[PDB]
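Remember, it's 1-based here, ligands and their atoms both numbered in the order they're listed. For this chain, numbers begin at 1 and follow the sequence in order.
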Amino acid sequence: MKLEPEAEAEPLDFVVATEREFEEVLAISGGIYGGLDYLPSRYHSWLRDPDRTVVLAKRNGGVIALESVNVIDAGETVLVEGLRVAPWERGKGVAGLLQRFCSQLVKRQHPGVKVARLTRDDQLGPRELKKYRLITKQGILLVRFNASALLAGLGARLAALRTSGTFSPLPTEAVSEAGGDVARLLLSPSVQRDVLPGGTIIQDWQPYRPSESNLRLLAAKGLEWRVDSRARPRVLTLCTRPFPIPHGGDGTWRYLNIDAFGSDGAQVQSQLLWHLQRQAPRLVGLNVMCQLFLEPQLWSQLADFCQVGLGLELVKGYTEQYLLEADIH
Ligand SMILES: CCSCCNC(=O)CCNC(=O)[C@H](O)C(C)(C)COP(=O)(O)OP(=O)(O)OC[C@H]1O[C@@H](n2cnc3c(N)ncnc32)[C@H](O)[C@@H]1OP(=O)(O)O
Ligand SMILES: N[C@@H](Cc1c[nH]c[nH+]1)C(=O)O
Ligand SMILES: [Cl-]
């Protein structure tokens, strides 16, 4: 005998999101990522993206879940982002149903897509190891500071570090995306093999294969880049413009994401400093969650630099960002 389908008194309805559901989406998003949720600041942007479909699950006419799918890598990849289920609806399989609906939508709307990708920091287990390939991983360093405090004290801390011989920042080199420097870096086969994690660009949790088509997407975001040497690149860093996050409930917090590629810890330190000096003046009067993604064996060095050297507070211990990939059949 076959298993008969279970009747549902309150079946889920899956619909494409519009601006009118923003407040309902906020209402299901309390506490996400400990206050580092980007969706409040990004939801309206998402609605404009040409290769993105933002799907809502509704029950009894009310939004209870959300997932975004976005086609990238010149049509070969769908990136899954933002997956969330209202707290009062969790533990019932809702996320599983929403993911299945979105997979069906991708198969119908984007028949050329070959794989799905996503990033996560949750501990991976045997199940994850069978559904996904691990493309790469980075360590995650999360620190917090008041920008006015950093602005007032940073110069004097650097002076003390320099005069004691403990730390002076090494020279770094300018990278102009408009001038073609980013393309020259990211399209280099040697950069791809030796600098980028698993040959991939990760920008504020979003993975991109290094290709002309993806560089266009990166170039519209207003990123800031730095490198140790354009001629012989070994450490490349990427700062995403800071954006408001709900942490703290008061509107005073911003999220500053820096992705660091390569293995020279001293250059990661110098480039981190460079980005903080670039970004802090516009953050005056605000509080900052700064999250640095870097090769795992550099985490302790950079955590010490941030805390003891720069006077920033460590928010949590070591965690990892996993880039996961599954085939679409
Ligand atoms: C791309 C974005 S990354 C970020 C993820 N987003 C967040 O951080 C936002 C906050 N978070 C949430 O919004 C919810 O917490 C989420 C995670 C969305 C879950 O939403 P939810 O609706 O509660 O999820 P459920 O479908 O019930 O989760 C079942 C899945 O956990 C495993 N699992 C373990 N124990 C189980 C059990 N007893 N029964 C069934 N599955 C079980 C299983 O592996 C399955 O997955 P699968 O095998 O794919 O079915
Ligand atoms: N896959 C997650 C990645 C993430 C961003 N911030 C924290 N985690 C998402 O799209 O929401
Ligand atoms: Cl030094």
Side-chain angles (χ1 to χ4, degrees), residues 12 25-43 46 52 54-57 59 63-70 72 78-103 116-132 137-138 140 142 158 160-172 202-207 240 243 245-247 255-257 259 264-273 289 291 293 301-302 304-305 309-310 316 319-326:
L12 293 184
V25 167
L26 295 179
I28 69 173
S29 296
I32 285 177
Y33 306 145
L36 281 59
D37 188 10
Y38 57 83
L39 192 54
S41 67
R42 203 173 295 172
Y43 182 85
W46 271 9
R52 189 185 296 282
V54 184
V55 177
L56 305 181
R59 197 201 296 290
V63 173
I64 67 161
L66 176 148
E67 170 169 348
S68 169
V69 288
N70 189 42
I72 58 172
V78 63
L79 182 65
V80 175
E81 286 176 277
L83 180 62
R84 58 190 62 196
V85 171
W88 58 96
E89 286 280 2
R90 281 169 190 173
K92 295 150 73 143
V94 172
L97 303 181
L98 176 55
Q99 279 180 101
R100 284 169 55 200
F101 178 88
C102 290
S103 284
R117 285 187 168 187
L118 56 105
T119 53
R120 80 193 307 170
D121 62 14
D122 310 293
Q123 205 64 61
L124 296 175
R127 283 252 192 173
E128 315 320 300
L129 194 72
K130 201 76 172 185
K131 197 182 226 163
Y132 301 104
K137 71 182 187 172
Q138 290 256 81
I140 303 179
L142 179 59
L158 295 172
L161 290 170
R162 175 174 55 65
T163 59
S164 68
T166 299
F167 174 84
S168 290
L170 294 160
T172 64
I202 299 168
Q203 177 264 318
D204 183 28
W205 300 84
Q206 297 157 82
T240 294
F243 52 86
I245 49 168
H247 187 258
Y255 176 78
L256 183 64
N257 186 287
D259 295 281
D264 175 356
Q267 271 290 335
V268 178
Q269 290 173 247
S270 186
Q271 290 180 44
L272 171 61
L273 178 64
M289 283 281 173
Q291 198 155 50
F293 297 80
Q301 177 180 0
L302 264 295
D304 287 307
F305 179 59
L310 299 188
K316 63 162 139 195
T319 62
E320 302 189 305
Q321 176 190 63
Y322 303 108
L323 171 56
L324 297 180
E325 190 186 74

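- In this structure, the side chains of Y38 and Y255 stay at 4.5 Å or more apart for every pair of heavy atoms.
- Between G93 and ligand 1, at least one pair of N/O atoms sits closer than 3.5 Å.
- No donor-acceptor pair closer than 3.5 Å links the side chain of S68 to the backbone N or O of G82.
- The closest heavy-atom contact to atom 1 (N) of ligand 2, among the options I245, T119, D37, comes from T119.
- For ligand 1 and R90, the ligand atoms under 4.0 Å from any heavy atom of the residue are 10 (C), 11 (N), 12 (C), 13 (O), 14 (C), 15 (O), 23 (O).
- Distance check on atom 26 (O) of ligand 1: some protein heavy atom falls below the 4.0 Å cut-off.
- Shortest contact from atom 5 (C) of ligand 2 to any protein heavy atom: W205 CG, 3.3 Å.
- Residue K131 places at least one N or O, backbone or side chain, under 3.5 Å from an N or O of ligand 1.
- Distance check for atom 10 (C) of ligand 1: a protein heavy atom is found below 4.0 Å.
- For ligand 2, the atoms closer than 4.0 angstrom to any heavy atom of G82 are 9 (C), 10 (O), 11 (O).
- Here the closest heavy-atom approach between residue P207 and residue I72 is recorded as O-CD1, 3.2 Å.
- Note on ligand 1: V80 sits in its first shell, one or more heavy atoms being nearer than 4.0 Å.
- Distances between N or O atoms of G91 and those of ligand 1 include at least one value under 3.5 Å.
- Using a 4.5 Å heavy-atom threshold, the side chains of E81 and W46 count as touching.
- Given atom 16 (C) of ligand 1, the protein heavy atom at minimum distance is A95 CB, 4.6 Å.
- Side-chain contact check for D121 versus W205: some heavy-atom pair is nearer than 4.5 Å.
- Scanning the protein heavy atoms around atom 4 (C) of ligand 1, the nearest turns out to be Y33 OH, 3.0 Å.
- With hydrogens left out, the protein atom closest to atom 44 (O) of ligand 1 is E128 OE2, 4.6 Å, a heavy atom.
- Between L83 and ligand 2, no N or O atom pair is found at a separation short of 3.5 Å.
- Contact annotation for atom 23 (O) of ligand 1: protein present (non-hydrogen atoms, distance under 4.0 Å).
- When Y33, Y322, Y38, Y255 are checked for heavy-atom proximity to atom 2 (C) of ligand 2, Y33 turns out nearest.
- Looking from atom 50 (O) of ligand 1 to the surrounding protein, the closest heavy atom is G96 CA, 4.7 Å.
- Among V85, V94, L39, the residue whose heavy atom sits closest to atom 13 (O) of ligand 1 is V85.
- You'll find the side chain of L118 stays beyond 4.5 Å of the side chain of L83, heavy atoms only.
- With a 4.5 Å cut-off on side-chain heavy atoms, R42 and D204 count as touching.
- The nearest protein heavy atom to atom 46 (O) of ligand 1 is not closer than 4.0 Å.
- Considering only heavy atoms from C-beta on, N257 stays 4.5 Å or farther from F243 through its side chain.
- The aromatic rings of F167 and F305 sit tilted relative to each other, their planes meeting at an angle between 30° and 60°.
- Closest to atom 7 (C) of ligand 1 by heavy atom, among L83, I32, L79, is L83.
- Shortest non-hydrogen contact noted between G265 and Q301 is C-NE2, 3.5 Å.
- Interface of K92 with ligand 1, defined as ligand atoms under 4.0 Å from a residue heavy atom, comprises 27 (O).
- The atoms of ligand 2 that sit less than 4.0 Å from any heavy atom of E81 are 10 (O).
- Counting only heavy atoms, the protein never gets under 4.0 Å from atom 35 (N) of ligand 1.
- For the pair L39 and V25, the tightest heavy-atom approach, listed with the atom from each and the gap, is CD2-CG1, 3.8 Å.
- The presence of a protein heavy atom under 4.0 Å from atom 39 (N) of ligand 1 is ruled out.
- Taking every heavy atom of both residues into account, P246 and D37 meet most closely at CD-O, 3.3 Å.
- For atom 1 (C) of ligand 1, the nearest protein heavy atom is under 4.0 Å away.
- Distance alone, capped at 3.5 Å, is enough to place a donor-acceptor pair between the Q267 side chain and the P171 backbone.
- Residue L256 comes nearest to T240 through the heavy atom pair CD1-O, 3.8 Å, listed as atom of the first residue, atom of the second, then distance.
- Taking 4.5 Å as the limit, some side-chain heavy atom of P87 sits within range of a side-chain heavy atom of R90.
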